[PDB]
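Containing TSV, N, CA and C atoms: run.tsv.
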```tsv
chain	number	residue	atom	x	y	z
R	3	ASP	N	0.76	-1.31	0.00
R	3	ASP	CA	0.00	0.00	0.00
R	3	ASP	C	0.77	1.33	0.00
R	4	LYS	N	1.69	1.54	0.96
R	4	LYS	CA	2.63	2.69	0.87
R	4	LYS	C	3.36	2.67	-0.44
R	5	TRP	N	3.77	1.49	-0.87
R	5	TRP	CA	4.49	1.32	-2.14
R	5	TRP	C	3.55	1.85	-3.26
R	6	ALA	N	2.30	1.44	-3.18
R	6	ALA	CA	1.44	1.61	-4.29
R	6	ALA	C	1.03	3.07	-4.35
R	7	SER	N	0.76	3.73	-3.21
R	7	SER	CA	0.47	5.19	-3.20
R	7	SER	C	1.69	6.00	-3.66
R	8	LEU	N	2.88	5.61	-3.21
R	8	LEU	CA	4.06	6.33	-3.57
R	8	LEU	C	4.30	6.06	-5.06
R	9	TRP	N	4.16	4.82	-5.54
R	9	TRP	CA	4.28	4.62	-7.02
R	9	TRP	C	3.26	5.49	-7.79
R	10	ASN	N	2.00	5.56	-7.36
R	10	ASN	CA	1.04	6.42	-8.06
R	10	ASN	C	1.41	7.88	-8.06
R	11	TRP	N	1.85	8.36	-6.93
R	11	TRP	CA	2.29	9.72	-6.82
R	11	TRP	C	3.51	9.98	-7.76
R	12	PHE	N	4.41	9.00	-7.81
R	12	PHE	CA	5.62	9.11	-8.69
R	12	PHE	C	5.16	9.25	-10.16
R	13	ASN	N	4.16	8.49	-10.57
R	13	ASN	CA	3.65	8.54	-11.97
R	13	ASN	C	2.88	9.81	-12.27
R	14	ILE	N	2.08	10.24	-11.30
R	14	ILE	CA	1.45	11.51	-11.41
R	14	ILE	C	2.50	12.65	-11.67
R	15	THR	N	3.55	12.71	-10.83
R	15	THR	CA	4.63	13.71	-10.93
R	15	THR	C	5.31	13.62	-12.26
R	16	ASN	N	5.64	12.42	-12.69
R	16	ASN	CA	6.38	12.28	-13.94
R	16	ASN	C	5.55	12.71	-15.18
R	17	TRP	N	4.24	12.42	-15.13
R	17	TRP	CA	3.28	12.83	-16.15
R	17	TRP	C	3.27	14.33	-16.24
R	18	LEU	N	3.25	14.98	-15.09
R	18	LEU	CA	3.26	16.47	-15.01
R	18	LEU	C	4.58	17.02	-15.56
R	19	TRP	N	5.72	16.37	-15.30
R	19	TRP	CA	7.04	16.87	-15.76
R	19	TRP	C	6.98	16.68	-17.27
R	20	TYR	N	6.43	15.57	-17.68
R	20	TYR	CA	6.52	15.17	-19.10
R	20	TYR	C	5.83	16.23	-19.91
R	21	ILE	N	4.59	16.58	-19.53
R	21	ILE	CA	3.82	17.54	-20.27
R	21	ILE	C	4.50	18.97	-20.24
R	22	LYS	N	5.04	19.35	-19.10
R	22	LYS	CA	5.57	20.69	-18.91
R	22	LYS	C	6.80	20.82	-19.81
R	23	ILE	N	7.63	19.81	-19.78
R	23	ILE	CA	8.83	19.80	-20.59
R	23	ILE	C	8.59	19.62	-22.09
R	24	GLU	N	7.60	18.84	-22.49
R	24	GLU	CA	7.33	18.72	-23.92
R	24	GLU	C	6.89	20.10	-24.40
R	25	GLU	N	6.11	20.85	-23.60
R	25	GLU	CA	5.67	22.10	-23.99
R	25	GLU	C	6.87	23.08	-24.12
R	26	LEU	N	7.75	23.14	-23.12
R	26	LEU	CA	9.00	23.91	-23.18
R	26	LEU	C	9.83	23.58	-24.42
R	27	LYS	N	10.05	22.30	-24.69
R	27	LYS	CA	10.74	21.88	-25.90
R	27	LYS	C	10.06	22.39	-27.16
R	28	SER	N	8.74	22.44	-27.11
R	28	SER	CA	8.00	22.81	-28.29
R	28	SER	C	8.18	24.33	-28.54
R	29	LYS	N	7.99	25.10	-27.50
R	29	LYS	CA	8.24	26.51	-27.56
R	29	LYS	C	9.70	26.81	-27.96
R	30	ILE	N	10.69	26.09	-27.42
R	30	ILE	CA	12.08	26.33	-27.81
R	30	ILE	C	12.25	26.08	-29.30
R	31	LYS	N	11.64	25.02	-29.81
R	31	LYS	CA	11.72	24.69	-31.22
R	31	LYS	C	11.08	25.73	-32.13
R	32	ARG	N	9.89	26.23	-31.77
R	32	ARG	CA	9.30	27.30	-32.55
R	32	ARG	C	10.20	28.56	-32.60
R	33	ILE	N	10.78	29.02	-31.47
R	33	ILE	CA	11.76	30.13	-31.45
R	33	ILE	C	12.98	29.80	-32.36
R	34	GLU	N	13.49	28.59	-32.35
R	34	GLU	CA	14.67	28.35	-33.16
R	34	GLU	C	14.30	28.42	-34.62
R	35	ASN	N	13.13	27.91	-34.99
R	35	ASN	CA	12.66	27.94	-36.37
R	35	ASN	C	12.41	29.40	-36.86
R	36	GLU	N	11.88	30.26	-36.01
R	36	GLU	CA	11.68	31.63	-36.35
R	36	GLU	C	13.00	32.38	-36.54
R	37	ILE	N	14.00	32.16	-35.68
R	37	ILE	CA	15.29	32.77	-35.88
R	37	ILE	C	15.91	32.24	-37.19
R	38	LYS	N	15.85	30.95	-37.46
R	38	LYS	CA	16.45	30.45	-38.72
R	38	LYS	C	15.79	31.10	-39.93
R	39	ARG	N	14.49	31.28	-39.82
R	39	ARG	CA	13.68	31.83	-40.87
R	39	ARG	C	14.05	33.25	-41.16
R	40	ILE	N	14.14	34.05	-40.10
R	40	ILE	CA	14.71	35.42	-40.12
R	40	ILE	C	16.05	35.52	-40.83
R	41	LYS	N	16.98	34.62	-40.51
R	41	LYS	CA	18.32	34.69	-41.07
R	41	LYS	C	18.47	34.10	-42.47
R	42	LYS	N	17.40	33.51	-43.00
R	42	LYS	CA	17.39	32.85	-44.31
R	42	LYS	C	17.65	33.86	-45.42
J	3	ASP	N	9.00	5.44	8.23
J	3	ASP	CA	10.47	5.80	8.28
J	3	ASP	C	11.20	5.54	6.89
J	4	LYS	N	11.49	4.34	6.44
J	4	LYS	CA	12.15	4.18	5.08
J	4	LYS	C	11.27	4.63	3.88
J	5	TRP	N	9.99	4.35	3.98
J	5	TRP	CA	9.03	4.92	3.10
J	5	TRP	C	8.84	6.44	3.31
J	6	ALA	N	8.79	6.89	4.54
J	6	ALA	CA	8.70	8.31	4.80
J	6	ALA	C	9.93	9.06	4.36
J	7	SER	N	11.08	8.44	4.52
J	7	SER	CA	12.28	9.07	4.09
J	7	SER	C	12.35	9.18	2.52
J	8	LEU	N	11.77	8.23	1.82
J	8	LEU	CA	11.81	8.23	0.35
J	8	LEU	C	10.82	9.34	-0.13
J	9	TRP	N	9.65	9.40	0.50
J	9	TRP	CA	8.66	10.44	0.22
J	9	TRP	C	9.24	11.84	0.33
J	10	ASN	N	9.90	12.07	1.45
J	10	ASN	CA	10.60	13.34	1.68
J	10	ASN	C	11.71	13.61	0.64
J	11	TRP	N	12.54	12.62	0.32
J	11	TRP	CA	13.64	12.83	-0.60
J	11	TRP	C	13.05	13.19	-1.97
J	12	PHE	N	11.95	12.56	-2.30
J	12	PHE	CA	11.28	12.79	-3.58
J	12	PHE	C	10.63	14.17	-3.65
J	13	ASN	N	9.93	14.59	-2.58
J	13	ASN	CA	9.37	15.92	-2.49
J	13	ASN	C	10.46	17.04	-2.50
J	14	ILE	N	11.53	16.87	-1.76
J	14	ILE	CA	12.63	17.86	-1.79
J	14	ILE	C	13.22	17.94	-3.23
J	15	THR	N	13.45	16.77	-3.86
J	15	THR	CA	14.03	16.83	-5.19
J	15	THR	C	13.04	17.48	-6.15
J	16	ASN	N	11.78	17.07	-6.10
J	16	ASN	CA	10.78	17.70	-6.93
J	16	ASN	C	10.58	19.21	-6.77
J	17	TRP	N	10.64	19.73	-5.56
J	17	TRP	CA	10.57	21.15	-5.35
J	17	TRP	C	11.77	21.88	-6.03
J	18	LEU	N	12.98	21.40	-5.80
J	18	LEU	CA	14.17	22.07	-6.27
J	18	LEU	C	14.17	22.06	-7.80
J	19	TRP	N	13.75	20.96	-8.37
J	19	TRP	CA	13.63	20.87	-9.83
J	19	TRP	C	12.54	21.89	-10.28
J	20	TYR	N	11.38	21.90	-9.60
J	20	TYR	CA	10.29	22.88	-9.89
J	20	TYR	C	10.82	24.37	-10.02
J	21	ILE	N	11.61	24.81	-9.05
J	21	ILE	CA	12.14	26.16	-9.01
J	21	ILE	C	12.95	26.39	-10.26
J	22	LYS	N	13.77	25.39	-10.61
J	22	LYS	CA	14.73	25.53	-11.70
J	22	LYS	C	14.04	25.53	-13.08
J	23	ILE	N	13.11	24.62	-13.29
J	23	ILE	CA	12.30	24.64	-14.48
J	23	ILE	C	11.44	25.90	-14.65
J	24	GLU	N	10.94	26.53	-13.56
J	24	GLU	CA	10.12	27.74	-13.74
J	24	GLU	C	10.99	28.91	-14.23
J	25	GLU	N	12.24	28.86	-13.86
J	25	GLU	CA	13.21	29.80	-14.25
J	25	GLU	C	13.52	29.64	-15.78
J	26	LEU	N	13.56	28.40	-16.31
J	26	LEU	CA	13.72	28.23	-17.74
J	26	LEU	C	12.53	28.74	-18.50
J	27	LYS	N	11.34	28.42	-17.97
J	27	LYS	CA	10.07	28.75	-18.55
J	27	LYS	C	9.88	30.29	-18.61
J	28	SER	N	10.27	31.01	-17.54
J	28	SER	CA	10.34	32.45	-17.64
J	28	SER	C	11.31	32.98	-18.68
J	29	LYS	N	12.49	32.39	-18.82
J	29	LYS	CA	13.41	32.88	-19.83
J	29	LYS	C	12.73	32.73	-21.18
J	30	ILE	N	11.95	31.66	-21.34
J	30	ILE	CA	11.31	31.39	-22.64
J	30	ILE	C	10.19	32.37	-22.88
J	31	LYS	N	9.56	32.76	-21.80
J	31	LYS	CA	8.38	33.58	-21.87
J	31	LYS	C	8.84	34.98	-22.30
J	32	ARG	N	9.94	35.42	-21.74
J	32	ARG	CA	10.54	36.71	-22.04
J	32	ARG	C	11.03	36.78	-23.50
J	33	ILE	N	11.59	35.69	-24.00
J	33	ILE	CA	12.06	35.68	-25.38
J	33	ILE	C	10.83	35.78	-26.32
J	34	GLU	N	9.82	34.91	-26.07
J	34	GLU	CA	8.53	34.99	-26.77
J	34	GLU	C	7.97	36.41	-26.74
J	35	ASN	N	7.87	37.01	-25.54
J	35	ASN	CA	7.36	38.38	-25.45
J	35	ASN	C	8.17	39.32	-26.35
J	36	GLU	N	9.48	39.18	-26.34
J	36	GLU	CA	10.34	39.99	-27.18
J	36	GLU	C	10.23	39.79	-28.72
J	37	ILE	N	10.23	38.54	-29.16
J	37	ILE	CA	9.91	38.26	-30.58
J	37	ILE	C	8.55	38.87	-31.00
J	38	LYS	N	7.49	38.63	-30.23
J	38	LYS	CA	6.19	39.29	-30.45
J	38	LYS	C	6.29	40.82	-30.58
J	39	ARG	N	7.22	41.44	-29.85
J	39	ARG	CA	7.30	42.89	-29.89
J	39	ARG	C	7.99	43.31	-31.18
J	40	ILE	N	8.93	42.49	-31.63
J	40	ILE	CA	9.77	42.81	-32.79
J	40	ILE	C	8.92	42.72	-34.07
J	41	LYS	N	7.95	41.80	-34.03
J	41	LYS	CA	7.02	41.45	-35.11
J	41	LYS	C	5.73	42.24	-34.96
J	42	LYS	N	5.91	43.52	-34.71
J	42	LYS	CA	4.80	44.39	-34.38
J	42	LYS	C	5.29	45.77	-34.76
Z	1	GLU	N	8.98	-6.44	0.44
Z	1	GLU	CA	8.88	-5.02	0.88
Z	1	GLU	C	10.12	-4.20	0.61
Z	2	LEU	N	11.26	-4.71	1.03
Z	2	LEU	CA	12.48	-4.01	0.79
Z	2	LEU	C	12.72	-3.96	-0.72
Z	3	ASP	N	12.40	-5.07	-1.37
Z	3	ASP	CA	12.66	-5.18	-2.77
Z	3	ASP	C	11.86	-4.08	-3.56
Z	4	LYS	N	10.66	-3.76	-3.07
Z	4	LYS	CA	9.84	-2.75	-3.67
Z	4	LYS	C	10.40	-1.36	-3.39
Z	5	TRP	N	10.87	-1.21	-2.17
Z	5	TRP	CA	11.54	-0.04	-1.78
Z	5	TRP	C	12.72	0.22	-2.71
Z	6	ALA	N	13.53	-0.79	-2.96
Z	6	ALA	CA	14.72	-0.64	-3.79
Z	6	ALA	C	14.32	-0.29	-5.23
Z	7	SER	N	13.26	-0.94	-5.77
Z	7	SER	CA	12.81	-0.68	-7.11
Z	7	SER	C	12.41	0.76	-7.24
Z	8	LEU	N	11.71	1.27	-6.24
Z	8	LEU	CA	11.21	2.63	-6.38
Z	8	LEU	C	12.34	3.64	-6.24
Z	9	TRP	N	13.31	3.30	-5.38
Z	9	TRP	CA	14.48	4.17	-5.19
Z	9	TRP	C	15.25	4.18	-6.50
Z	10	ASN	N	15.44	3.01	-7.12
Z	10	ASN	CA	16.25	2.92	-8.38
Z	10	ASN	C	15.43	3.69	-9.47
Z	11	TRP	N	14.09	3.56	-9.53
Z	11	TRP	CA	13.32	4.15	-10.65
Z	11	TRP	C	13.45	5.68	-10.48
Z	12	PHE	N	13.37	6.15	-9.25
Z	12	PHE	CA	13.49	7.60	-8.98
Z	12	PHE	C	14.89	8.12	-9.38
Z	13	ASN	N	15.97	7.48	-9.00
Z	13	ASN	CA	17.25	7.95	-9.49
Z	13	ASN	C	17.48	7.79	-11.02
Z	14	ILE	N	17.03	6.70	-11.63
Z	14	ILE	CA	17.12	6.64	-13.13
Z	14	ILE	C	16.25	7.78	-13.78
Z	15	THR	N	15.02	7.98	-13.36
Z	15	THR	CA	14.18	8.96	-14.04
Z	15	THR	C	14.73	10.35	-13.75
Z	16	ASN	N	15.17	10.60	-12.53
Z	16	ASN	CA	15.78	11.87	-12.17
Z	16	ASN	C	17.03	12.17	-12.97
Z	17	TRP	N	17.89	11.18	-13.17
Z	17	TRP	CA	18.99	11.29	-14.16
Z	17	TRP	C	18.55	11.58	-15.65
Z	18	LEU	N	17.58	10.85	-16.18
Z	18	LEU	CA	17.13	11.04	-17.54
Z	18	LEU	C	16.62	12.47	-17.70
Z	19	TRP	N	15.93	13.02	-16.70
Z	19	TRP	CA	15.41	14.41	-16.76
Z	19	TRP	C	16.52	15.40	-16.67
Z	20	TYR	N	17.51	15.08	-15.87
Z	20	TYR	CA	18.71	15.91	-15.77
Z	20	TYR	C	19.36	16.14	-17.15
Z	21	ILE	N	19.77	15.09	-17.88
Z	21	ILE	CA	20.27	15.10	-19.26
Z	21	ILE	C	19.35	15.95	-20.15
Z	22	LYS	N	18.05	15.65	-20.15
Z	22	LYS	CA	17.04	16.47	-20.88
Z	22	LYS	C	17.07	17.99	-20.61
Z	23	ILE	N	16.98	18.41	-19.36
Z	23	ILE	CA	16.96	19.83	-18.98
Z	23	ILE	C	18.29	20.54	-19.29
Z	24	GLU	N	19.40	19.80	-19.21
Z	24	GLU	CA	20.71	20.41	-19.50
Z	24	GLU	C	20.71	20.78	-20.97
Z	25	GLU	N	20.20	19.89	-21.83
Z	25	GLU	CA	20.08	20.19	-23.26
Z	25	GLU	C	19.22	21.44	-23.48
Z	26	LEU	N	18.10	21.52	-22.78
Z	26	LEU	CA	17.26	22.70	-22.92
Z	26	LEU	C	17.83	24.06	-22.48
Z	27	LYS	N	18.58	24.07	-21.36
Z	27	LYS	CA	19.22	25.21	-20.83
Z	27	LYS	C	20.28	25.71	-21.85
Z	28	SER	N	21.02	24.77	-22.46
Z	28	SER	CA	21.87	25.08	-23.60
Z	28	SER	C	21.18	25.76	-24.77
Z	29	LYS	N	20.03	25.25	-25.15
Z	29	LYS	CA	19.32	25.77	-26.32
Z	29	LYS	C	18.86	27.19	-26.01
Z	30	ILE	N	18.43	27.42	-24.78
Z	30	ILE	CA	17.93	28.76	-24.38
Z	30	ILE	C	19.07	29.69	-24.38
Z	31	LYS	N	20.20	29.29	-23.84
Z	31	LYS	CA	21.36	30.18	-23.84
Z	31	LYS	C	21.80	30.62	-25.20
Z	32	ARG	N	21.85	29.68	-26.15
Z	32	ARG	CA	22.14	29.95	-27.56
Z	32	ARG	C	21.19	30.95	-28.22
Z	33	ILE	N	19.91	30.77	-27.98
Z	33	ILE	CA	18.89	31.70	-28.40
Z	33	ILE	C	19.14	33.07	-27.76
Z	34	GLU	N	19.39	33.17	-26.45
Z	34	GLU	CA	19.55	34.49	-25.83
Z	34	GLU	C	20.77	35.22	-26.37
Z	35	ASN	N	21.85	34.48	-26.59
Z	35	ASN	CA	23.06	35.05	-27.10
Z	35	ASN	C	22.90	35.54	-28.53
Z	36	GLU	N	22.23	34.75	-29.33
Z	36	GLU	CA	21.87	35.16	-30.68
Z	36	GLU	C	21.00	36.41	-30.72
Z	37	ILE	N	19.93	36.46	-29.93
Z	37	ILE	CA	19.20	37.70	-29.73
Z	37	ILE	C	20.07	38.91	-29.23
Z	38	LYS	N	20.95	38.77	-28.22
Z	38	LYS	CA	21.85	39.87	-27.90
Z	38	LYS	C	22.77	40.32	-29.06
Z	39	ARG	N	23.17	39.37	-29.90
Z	39	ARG	CA	24.09	39.63	-30.98
Z	39	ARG	C	23.35	40.51	-32.02
Z	40	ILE	N	22.13	40.11	-32.38
Z	40	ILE	CA	21.32	40.82	-33.35
Z	40	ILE	C	21.01	42.23	-32.87
Z	41	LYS	N	20.73	42.40	-31.57
Z	41	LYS	CA	20.40	43.68	-30.97
Z	41	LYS	C	21.57	44.63	-30.72
Z	42	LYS	N	22.79	44.10	-30.63
Z	42	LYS	CA	23.92	44.97	-30.32
Z	42	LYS	C	24.16	46.08	-31.36
```
Step by step, read the file and then write its structure as structure tokens.
Amino acid sequence: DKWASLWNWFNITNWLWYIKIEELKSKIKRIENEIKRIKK
Amino acid sequence: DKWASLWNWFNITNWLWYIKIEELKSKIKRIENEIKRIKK
Amino acid sequence: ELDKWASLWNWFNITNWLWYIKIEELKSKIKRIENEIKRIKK
């Protein structure tokens, strides 16, 4: 039970990191594409 | 105790990571705000 | 019980490491962007 609540909490946290970071990566990628486009 | 200690270690690590990621996200937000201003 | 404890401890350090590598790459990319923006503005 402690194992299982802590495992659930661990997955909840990782899901939240995953989404936050994919979004950051996505925004970073759009900025890099816009700068490349500018310099074209 | 061993479960409580793991919970604590995980929460402390997660908080410190949280602070650091919000700082990246702000740098991104500022760059976005600035590109938007340039394209105006 | 201990074995589960160890699994969760190992999963937390492996995932924490994988995120570390990931975020370091991102901090690099942001720095490159900021420096490029300062260069253009100078």
- Query: With distances taken over only C-alpha atoms, which of J:37, J:26, J:18, J:8 is nearest to residue Z:29?
  - Reply: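 Smallest distance to residue Z:29 is found for J:26.
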- Query: For chain R, which residue among Z:17, Z:24, Z:5, Z:40 is the nearest when counting all atoms listed in the file?
  - Reply: Z:5
- Message: Select, as a list in words, those residues of chain J with any atom no more than 9 Å from chain Z (distances computed using only C-alpha atoms).
- Response: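 Here they are: residues 4, 5, 8, 12, 15, 23, 26, 29, 30 and 33 of chain J.
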Could you please take those selected residues and save N, CA and C atoms as a short mmCIF file (atom, residue, chain, number, x, y, z; two decimals), in the coordinates of the input?
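Contents of the output file out34.cif:
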```
data_model
loop_
_atom_site.label_atom_id
_atom_site.label_comp_id
_atom_site.auth_asym_id
_atom_site.auth_seq_id
_atom_site.Cartn_x
_atom_site.Cartn_y
_atom_site.Cartn_z
N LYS J 4 11.49 4.34 6.44
CA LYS J 4 12.15 4.18 5.08
C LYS J 4 11.27 4.63 3.88
N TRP J 5 9.99 4.35 3.98
CA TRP J 5 9.03 4.92 3.10
C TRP J 5 8.84 6.44 3.31
N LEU J 8 11.77 8.23 1.82
CA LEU J 8 11.81 8.23 0.35
C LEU J 8 10.82 9.34 -0.13
N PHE J 12 11.95 12.56 -2.30
CA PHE J 12 11.28 12.79 -3.58
C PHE J 12 10.63 14.17 -3.65
N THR J 15 13.45 16.77 -3.86
CA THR J 15 14.03 16.83 -5.19
C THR J 15 13.04 17.48 -6.15
N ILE J 23 13.11 24.62 -13.29
CA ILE J 23 12.30 24.64 -14.48
C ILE J 23 11.44 25.90 -14.65
N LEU J 26 13.56 28.40 -16.31
CA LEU J 26 13.72 28.23 -17.74
C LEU J 26 12.53 28.74 -18.50
N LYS J 29 12.49 32.39 -18.82
CA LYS J 29 13.41 32.88 -19.83
C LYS J 29 12.73 32.73 -21.18
N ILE J 30 11.95 31.66 -21.34
CA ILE J 30 11.31 31.39 -22.64
C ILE J 30 10.19 32.37 -22.88
N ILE J 33 11.59 35.69 -24.00
CA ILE J 33 12.06 35.68 -25.38
C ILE J 33 10.83 35.78 -26.32
#
```
- Message: Report, in Å with one decimal, the straight-line distance from atom CA of residue R:31 to atom C of residue Z:28.
- Response: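 Atom-to-atom, atom CA of residue R:31 and atom C of residue Z:28 are spaced 11.5 Å apart.
One finds atom N of residue R:42 at 20.7 Å from atom C of residue R:27.
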- Query: Expressed in Å to a single decimal, how great is the separation between atom N of residue R:7 and atom CA of residue Z:4?
  - Reply: 11.2 Å
